[PDB]
Ligand code: CLA
Ligand code: CLA
Ligand code: CLA
Ligand code: CLA
Ligand code: CLA
Ligand SMILES: CC1=C(/C=C/C(C)=C/C=C/C(C)=C/C=C/C=C(C)/C=C/C=C(C)/C=C/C2=C(C)CCCC2(C)C)C(C)(C)CCC1
Ligand SMILES: CC1=C(/C=C/C(C)=C/C=C/C(C)=C/C=C/C=C(C)/C=C/C=C(C)/C=C/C2=C(C)CCCC2(C)C)C(C)(C)CCC1
Ligand SMILES: CC1=C(/C=C/C(C)=C/C=C/C(C)=C/C=C/C=C(C)/C=C/C=C(C)/C=C/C2=C(C)CCCC2(C)C)C(C)(C)CCC1
Ligand SMILES: CC1=C(/C=C/C(C)=C/C=C/C(C)=C/C=C/C=C(C)/C=C/C=C(C)/C=C/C2=C(C)CCCC2(C)C)C(C)(C)CCC1
Ligand code: OEX
Ligand SMILES: [Cl-]
Ligand SMILES: [Cl-]
Ligand SMILES: [Fe+2]
């Protein structure tokens, strides 16, 4: 019925995949001690 | 109304969460390990908390030449700061 | 500090004041369950 | 009676959690309401008693 | 049909996200500028360009992170990754402020792509292109502030760094060194921005408080239908209300909405002109007559002279650390300060 | 009945400017404040604002221009004391100590509150919905914050905003020095409110102008395609919604005009509400975020941030502001 | 430690939506 | 299609956002950038 | 049910407006909300006690509820020193249990009890437009508030007293035996100017006046409650007000906004019912303390503080107020109306006495001045003590700052809510709250203004 991989899929994932990666990175940064 | 499955229909499907309960934690863990292993410091050249200064130095490693700026940064890094 | 016989309930007390805010949030959750009718 | 006082206060906390979950569920579900009515009464009485017990056991602890 | 026509047909298909011909310029450049800012504020330091920590990795928060400008010794270098300064070293490129020029150039071409997108969609749906004309004002602001202003100055260093506290530094720098509040072009910009906010609030409230009763629900949002032919609110009642409250009122809806276009766009354009003047240090810093009088008479005081003393304080106290390339060593006894404190 | 006739005249909707009872208070106070402001802005003698016998010249006749002129706030020796004309021994003493500022600001605040009430009153008389006054409450709260609430918190009407352009700039700079208003989230919400208000004003104007229905020629102005009181819509909201929904994406675009205009009302009003509350809460010295020396390396050396550069600028303003008025190390108010 | 406070706040913040979920599951007056 | 209710999805996503931003404020008080 | 927009006319974001003509559910909403208030009181008290360090001053520990209990004379001794933390615990615990009871009642009336109370009872069922019933309920609540004021009086007079920061020898818990029942003194506070040096009811500076005013307030509230139970609104009252639920809400919102502004000014300026031992110094108190501190320091170094001339020509330490009183110099000349127990022993008939300043400054006054100078109510949003330019070392924001800022925000928003509901009640009573009728637009029936 509905196609799976579209332009909208590409835009959504190009925004969302680095967002989750960066969120994990900053969450790890919260436990860094000097 | 443009030819795609509505976002509400997608994110309420079981198959979406079957995929994404794997993919989303994998990306989160990948970012966490990118920071915690110290790969971010090496990739982006960000000083570690023990790496802003040399032990007795209080001067700031500021680049002063345009075409030797890379060499100046490498000299500053080689100064054990 | 609290009286010592209540000492083991110290963490629970530490999360007690934020309970009213959750109530506000709970309203929206309820309104999400009925579809904001 | 410090272990007794801690046990009574823990029972009060657990029963408060149970009633906080269950009283709105019992009130908003009519289908079994008669049965839940008795439990609510019992819970309320027990909760009141536990409060009184803890208060008295506050001064001997 | 030819390959150009087939590609055009694919590019102009109705999607969730319209692409268009302008998309080829817009989406890469805009995505790269946003990703560069997030990457810089998350990972990249300013230690070698400014002597500042400016990333989450260094412990800064959202207000204090920034992608800082390159060092002053870099001049107005484009600072390409393959350029003679970085020489293809991505790490050194990040350390030398190449991410700033990356973000600035990709943001400029993304803004160009967005105005081209406005033009293309306006042509496609058959509407007049006044949204692109209105968007010319933020483009003028970006070009004047982030491109024209550092080009007038010594280097990219004195451009705004892409960050919250860095932009606050930019504001305070312009106060201390340029007296930017005293500039009449900035005054016209402030007038345009605050008048646009006033017009937005007052027009929204006026429409919402002169609505026709087109339903029996207390919440009046339901009563509007998108394809109806009638006005949803009373222009006559609104006109009489503002005529009796304020003295004057709009009586032409088209003129009202053009005015709503006109005020903030004109304000932003005037402020961009003033920023070009400051790019050449052509400031509205002083009034010569009051300067001469205050010099020849130590009892003449205005708020303008007090502001000049404040600017002297800003310059002297922020110059050694805001401009580390000058190697300013100001001893304690040369610092201007009032009594006590 | 004479009183009934006076009540009919006051509440009449046929007056060219509506009076109302809020108007019977509003008109004398605003006239007094306006007349006193014009007279003081042109011809007032210098005013000892700091209370340190160093008078500040603010009027045009004493060497100012339009930009530098101001009605200078009352003396710091007065503080929060009520200083009408009859409390002064003479008009020369009243003018020396900054009495016109108190007269103008008190009359203006009373008149502007009654302006809000008058907006409600006319909306009620015309059968309108009543919340235009709620929208006007945001600039009114801002005026109350800078003219009354900040003097109350700081303890002197000398710390209120001067009635002039350069005096306003002085107020801004000293406020940043003492409170770090830029780092305060309420002021950031206010900047979001005014920037968004200008943005959405230009956006709504450009979208409505873009979708104007052709009723003229290229010879005549497009504004003549609209007639005052016409029932038909002068622009096609469907076309504008299609354009804006293709510009960003469809569900980011308002198709309800009432929802759109409520958003236009709500965004800058809430933002300005928050920035007025910011000025009041900094009047009670709850200042902006302090991140000075927050970033510390392994040894303990301070690693400066942009907040520290802001702190250097704030230190410059702090040490230079009111350069003769301080005798003690801490500027406690 | 901190884990005790986190456990308590997790239990309370699930106790709310647990009430909502239980009412939706048994078709309550919700 | 609609097997998992959308209100559960919204509640869980919002709670995750709340947890993440609370972690960010805790890290504002601990470790790097805490002034200690 | 009226639990949707189609049946009620209100969307979900105005869903509580669906409770207007539903007395039982509205009662449930009110009782559950009262449970929320009591819950915050108890839980916040227990939270503050759990982190309370009794050897540190209360104003350094971010406490706003423990100072309220301490002001009532519970748990404190001379000088504000905590002698027993058990009363704070009792207040918190009893509030938490009572909040559980009130939450039970609110939930019951909100989701289980009858939706309208009119069928079940004529005493509890009400119509908003029944003026007599509304005045009856108002009278009941006035009697309750009067009993609360007399409860404060009873605590002050018969149950241990109140903390008196003005007590001889130092602040201590004192029983008020002679309250000021003179209506000239009591109602002279209401006629006082709100401006500098007068300060209206915020300027009450002794507990005798506080207890006498509360005796008057309790008696007046009880009398007015009986008056409203026994009477009906008069014709001028019936013609002057809108009689509907939203109208009564708007009246209460205006009253609460006014009370919020009054409480803001009260916590910022008054140091009698908000003692500086518990809440920290006021801004005027801290500025006067700084001037006093450096006066002491330079006088110990040998300076003649009466003759020392500042940079502007005014007295560096001592100057004259606009009415001639000898006051502290510098910027703190704005705060010369400040009165505090640590400063009053040096004040003579003409202001600060030079001879007492030279000879009578005791070490406890110096300690108080230094402490109040270094704990000025100045701080950042992320609780950094000092001016905006200070560095991150001191974790301190005064409770006076927190209370004043929060209640100014709340008072302003409640003024906004009063405006909203007053306009809406007027429009709904007049019948155009949903918009202009197209067929009967009033402006179209009006002559032009040209
Ligand atoms: C279409 C979108 C677009 C646009 C307009 C730009 C534009 C720009 N990028 Mg960019 N970029 C893009 C997409 C885009 N980028 C993408 C998708 C990526 C990810 C891979 C990057 C990654 C990237 C990096 C990493 C950098 C840039 C940089 C730049 C800037 C300088 C580039 C330059 O001088 O090369 C100019 C090159 C051309 C104009 C191409 C010429 C094409 C014509 C037809 C000639 C071709 C001749 C012939 C066919 C081949 C010659 C071969 C031989 C003779 C040598 C410029 C503003 C630099 C920068 O920001 O500096 C601070 C930089 O370092 N970009
Ligand atoms: C102080 C906050 C507060 C309070 C007391 C209420 C109270 C009420 N609202 Mg309401 N509301 C609020 C905030 C609040 N609201 C907010 C913030 C919004 C915006 C999202 C709304 C939106 C809203 C709408 C749209 C509607 C209401 C309605 C109602 C009434 C009926 C509730 C019902 O049938 O739900 C049934 C729901 C449930 C049974 C789910 C469980 C809820 C229970 C009560 C949770 C209890 C939790 C607690 C821990 C239990 C402790 C027990 C322990 C003490 C023993 C009720 C009196 C309705 C109304 O007007 O009725 C005509 C209605 O249609 N509200
Ligand atoms: C005791 C005070 C009181 C009472 C009983 C009411 C009662 C009512 N108001 Mg009202 N109001 C009040 C104060 C009050 N108001 C104040 C102070 C304001 C000014 C801000 C308003 C502004 C206002 C408006 C603009 C409207 C109402 C409306 C209504 C009606 C429906 C409300 C509803 O369902 O809310 C549902 C509740 C919500 C949607 C939740 C709102 C969430 C708030 C805004 C954010 C709170 C932030 C929190 C404090 C801190 C952050 C928390 C964190 C989780 C982020 C109801 C009769 C509506 C009406 O006219 O109906 C006839 C309406 O349109 N009120
Ligand atoms: C403002 C609060 C308030 C109000 C107006 C009502 C009103 C009502 N309740 Mg209700 N209730 C409340 C709070 C309230 N309740 C609380 C807190 C609870 C939890 C325990 C309940 C639990 C409850 C139940 C379980 C039932 C009612 C019922 C009723 C109805 C008849 C009650 C009757 O005849 O009483 C007659 C009078 C008395 C029994 C005397 C009570 C004396 C009290 C204890 C004196 C307390 C002292 C002081 C006044 C209170 C101060 C408290 C303050 C400090 C917080 C009536 C509409 C009944 C109903 O609706 O049936 C259909 C019903 O079954 N209520
Ligand atoms: C919560 C408290 C409360 C509330 C809501 C009411 C409500 C009401 N009372 Mg009332 N009353 C109360 C307590 C209360 N009473 C108490 C405690 C007493 C005993 C002293 C009385 C004695 C009383 C009498 C004797 C009468 C009322 C009347 C009324 C009705 C008309 C109100 C009116 O027009 O006044 C609005 C106020 C005015 C019209 C006065 C003029 C307004 C001036 C200009 C305002 C000046 C104050 C200003 C804001 C400055 C503030 C500071 C200043 C005090 C120094 C109304 C139902 C009347 C009625 O109908 O009786 C059944 C009536 O004749 N009351
Ligand atoms: C005292 C005590 C207690 C009590 C408690 C309580 C009382 C509780 C309650 C609680 C509650 C009451 C809770 C709640 C919670 C909630 C939550 C957690 C929610 C959240 C939310 C969110 C997240 C949202 C989301 C959304 C939606 C849904 C829609 C729209 C969008 C959004 C996203 C916004 C107990 C018993 C323990 C015991 C001991 C002590
Ligand atoms: C530079 C560079 C590059 C690029 C890259 C990219 C493109 C990236 C991306 C990146 C990204 C794309 C990232 C993302 C991120 C994100 C984040 C990190 C987020 C966060 C968030 C949060 C935290 C949230 C918040 C919020 C808000 C905003 C409001 C509301 C509330 C809240 C809180 C929710 C390339 C390779 C090309 C080349 C070389 C160079
Ligand atoms: C209607 C409604 C609503 C509301 C509700 C409410 C508002 C309720 C309330 C509720 C409440 C208001 C509750 C309360 C509860 C409480 C409790 C349940 C408590 C308990 C307690 C305890 C258990 C104690 C304990 C202890 C002690 C003894 C001491 C030591 C410490 C401790 C804590 C351990 C909403 C919004 C959702 C929406 C829908 C509907
Ligand atoms: C000394 C003392 C005291 C006491 C106090 C008192 C005794 C008080 C009372 C007070 C009072 C006794 C108050 C009253 C007030 C009033 C008011 C606030 C009013 C209002 C009004 C109104 C609102 C009206 C309006 C109107 C108009 C204007 C016109 C026509 C229409 C109407 C009706 C709307 C105390 C406790 C603090 C303690 C300390 C000391
Ligand atoms: O007067 Mn106008 O500004 Ca408020 O801080 Mn203190 O006082 Mn004076 O110095 Mn900074
Ligand atoms: Cl100044
Ligand atoms: Cl001073
Ligand atoms: Fe419009």
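No lab work stands behind these numbers, since they all come straight from the coordinates. So basically every Cβ, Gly included, is an ideal-geometry build from the backbone, and we count neighbours across all protein chains shown.
Scanning the range E:193-217 for residues that are within 7 Å of chain F (Cβ to nearest Cβ) and under 18 Å from the mean Cα position of the chain (by Cα) yields E:193, E:194, E:196, E:197. Residues in the range I:228-247 that are within 14 Å of another protein chain (Cβ to nearest Cβ) and away from ligand 2 (no atom under 16 Å from the Cβ): I:239, I:240, I:242, I:244, I:247. Taken over the range E:150-167, the criterion of being surrounded by 24 or more Cβ atoms within 10 Å (Cβ to Cβ), under 16 Å from the mean Cα position of the chain (by Cα) and part of a helix (DSSP H, G or I) is satisfied by E:165, E:166.
Checking each residue in the range E:57-71 for being buried (at least 24 other Cβ atoms within 10 Å of the Cβ) and free of Cβ contacts under 8 Å to residues at least 40 places away in the same chain picks out E:57, E:58, E:59, E:60.
So that you can scan it fast, the table gives a plain yes or no per residue for (1) surrounded by 19 or more Cβ atoms within 10 Å (Cβ to Cβ); (2) away from ligand 13 (no atom under 16 Å from the Cβ); (3) more than 25 Å from the chain's Cα centre (by Cα):
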site	(1), (2), (3)
I:92	yes, yes, no
I:95	yes, yes, no
I:127	no, yes, yes
I:132	no, yes, yes
I:159	no, yes, no
I:164	yes, yes, no
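Residues in the range E:224-238 that are within 17 Å of residue F:128 (Cα to Cα) and within 7 Å of another protein chain (Cβ to nearest Cβ): E:231, E:232, E:234, E:235, E:236, E:237.
Of everything in the range E:245-259, what is outside any loop (DSSP other than H, G, I, E, B), at the interface with chain F (Cβ under 7 Å from one of its Cβ atoms) and either within 16 Å of ligand 7 (Cβ to nearest atom) or closer than 22 Å to residue I:438 by Cβ (or both)? Give them in sequence order. Passing the criteria: only E:253.
If only residues of the range G:5-19 that are surrounded by 15 or more Cβ atoms within 10 Å (Cβ to Cβ) and more than 8 Å from the chain's Cα centre (by Cα) are counted, the one that is nearest to ligand 7 (Cβ to nearest atom) is G:9. Just wondering, is there one or more residues in the range I:111-122 that are within 12 Å of another protein chain (Cβ to nearest Cβ), more than 16 Å from ligand 3 (Cβ to nearest atom) and either outside any loop (DSSP other than H, G, I, E, B) or touching a strand residue (DSSP E or B) at 6+ places or on another chain (Cβ under 9 Å) (or both)? There is at least one residue in the range I:111-122 that is within 12 Å of another protein chain (Cβ to nearest Cβ), more than 16 Å from ligand 3 (Cβ to nearest atom) and either outside any loop (DSSP other than H, G, I, E, B) or touching a strand residue (DSSP E or B) at 6+ places or on another chain (Cβ under 9 Å) (or both). Taken together, I:205, I:178 contain a single residue that is surrounded by fewer than 20 Cβ atoms within 10 Å (Cβ to Cβ), touching a residue at least 12 places away in the same chain (Cβ under 8 Å), under 19 Å from the mean Cα position of the chain (by Cα) and assigned to a loop (DSSP other than H, G, I, E, B), which is I:205.
For the range E:175-196, the tally of residues that are under 26 Å from residue E:233 (Cα atoms) and in contact (Cβ under 8 Å) with a residue 12 or more places away in the chain stands at 2. Only residues that are closer than 21 Å to residue F:212 by Cβ and under 35 Å from the mean Cα position of the chain (by Cα) were counted across the range E:233-254, and they come to 10. From the list I:250, I:287, the lone residue that is more than 16 Å from ligand 2 (Cβ to nearest atom), in contact (Cβ under 8 Å) with a residue 24 or more places away in the chain, assigned to a helix (DSSP H, G or I) and touching a strand residue (DSSP E or B) at 6+ places or on another chain (Cβ under 9 Å) is I:287. Mind listing just one residue for me: the one in the range C:2-31 that is within 14 Å of residue G:12 (Cα to Cα) and in a loop (DSSP other than H, G, I, E, B) and, of those, nearest to ligand 12 (Cβ to nearest atom)? For the range C:2-31, the residue satisfying everything is C:17. Residue F:100 meets all of the listed conditions (1) surrounded by fewer than 23 Cβ atoms within 10 Å (Cβ to Cβ); (2) in contact (Cβ under 8 Å) with a residue 24 or more places away in the chain; (3) touching a strand residue (DSSP E or B) at 6+ places or on another chain (Cβ under 8 Å) but one, namely (1). Is it true that residue I:354 is closer than 30 Å to residue I:325 by Cβ and in contact (Cβ under 8 Å) with a residue 40 or more places away in the chain? So residue I:354 passes the test. The condition of being surrounded by fewer than 16 Cβ atoms within 10 Å (Cβ to Cβ), more than 8 Å from chain F (Cβ to nearest Cβ) and in contact with a helix residue (DSSP H, G or I) (Cβ under 9 Å, 6 or more places away or on another chain) holds for only one of E:312, E:291, E:296, that being E:291. In the set (1) touching a strand residue (DSSP E or B) at 6+ places or on another chain (Cβ under 6 Å); (2) more than 16 Å from ligand 9 (Cβ to nearest atom), residue I:71 fails one condition alone, (2).
Among the numbered conditions (1) more than 11 Å from chain I (Cβ to nearest Cβ); (2) surrounded by 13 or more Cβ atoms within 10 Å (Cβ to Cβ); (3) under 30 Å from residue G:28 (Cα atoms), the only one that residue D:6 does not meet is (3). All told, residue F:312 falls short of being in contact with a strand residue (DSSP E or B) (Cβ under 7 Å, 6 or more places away or on another chain) and either part of a helix (DSSP H, G or I) or within 16 Å of ligand 2 (Cβ to nearest atom) (or both).
Elements of the type helices (runs of 4 or more DSSP H) sitting completely within the range I:345-450 and holding at least 3 residues that are crowded, with 21+ Cβ neighbours inside 10 Å and more than 8 Å from chain F (Cβ to nearest Cβ): these cover I:363-374, I:399-430. Whenever a residue of the range F:314-326 is without any contact (Cβ under 8 Å) to a residue 24 or more places away in the chain, it has no partner that is within 16 Å of ligand 8 (Cβ to nearest atom) lying with C-beta atoms less than 9 angstrom away and at least six residues away or across chains.
When the helices (runs of 4 or more DSSP H) confined to the range I:5-103 are screened for residues that are within 16 Å of ligand 2 (Cβ to nearest atom), within 11 Å of chain C (Cβ to nearest Cβ) and over 25 Å from residue D:55 (Cα atoms), those reaching at least 3 such residues are found at I:5-8. Tell me whether the range I:334-342 contains one or more residues that are over 30 Å from residue I:75 (Cα atoms), away from ligand 6 (no atom under 16 Å from the Cβ) and part of a helix (DSSP H, G or I). Yes: the range I:334-342 contains one or more residues that are over 30 Å from residue I:75 (Cα atoms), away from ligand 6 (no atom under 16 Å from the Cβ) and part of a helix (DSSP H, G or I).
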